[PDB]
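What follows is one chain in C-alpha cells, specifically the form solved without the RNA.
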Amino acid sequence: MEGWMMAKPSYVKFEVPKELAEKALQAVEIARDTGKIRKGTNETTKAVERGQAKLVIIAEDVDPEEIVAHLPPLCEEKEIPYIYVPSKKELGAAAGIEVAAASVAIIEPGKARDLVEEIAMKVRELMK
C-alpha cells in the first residue's frame, strides 16, 4: 500500500493532471473577471454550505492540513465539484489578490460556464 498519496497532503483525495489544474486556475480568473467567486476557506465553506458554489478549488500546499481538510468531505456531502491546484500562492493570484488563498469557490462562472462544466465532468471521472 504505497503510491502517490504518500507525497501529497491527506486532504488531497486524488491526482489532478497538470493541464486540468491549469484549467481550474483559468476558470477562477475568468469567473473573477466576468462572474463571481469567494476567496478563502471561510467564504468557500459558507458558499458550499449555502449551496452557492458551482466549483471548489483547493490548493495542495496548505499547512496545517486542518485549514482545508473539511472541504472535500463537505463538497461530496453537498454534491459540489472540487478540484485541486498545486500552489496556494498561484490560486491567490488567479483569484486577484496579493496573498495566497487556501481555497476558492466559483459562484457564477460567467464566461467560464463551459470550462467549469468540463472540469466538473472530468473530476467526476477522476473521483472514480
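Residue indices: 1-based, along the sequence shown.
The discussion below concerns the form deposited with the RNA bound, not included here.
Undergrad: Would residue 99 sit within 4.5 Å of the RNA in the deposited complex, counting heavy atoms only?
TA: The answer is yes: residue 99 has a heavy atom within 4.5 Å of the RNA.
Undergrad: At 4.5 Å between heavy atoms, is residue 61 in contact with the RNA in the deposited complex?
TA: Although the RNA is absent here, residue 61 would touch it in the deposited complex, with heavy atoms inside 4.5 Å.
Undergrad: With the cut-off set at 4.5 Å between non-hydrogen atoms, does residue 90 touch the RNA in the deposited complex?
TA: It does not: once the RNA is placed as it appears in the deposited complex, residue 90 has no heavy atom within 4.5 Å of it.
Undergrad: Any chance residue 36 has a heavy atom within 4.5 Å of the RNA in the deposited complex?
TA: No.
Undergrad: From the candidate stretches 51-59, 91-99, 26-34, 69-77, select the single one in contact with the RNA in the deposited complex, where contact means a heavy atom within 4.5 Å.
TA: Within 4.5 Å of the partner lies stretch 91-99.
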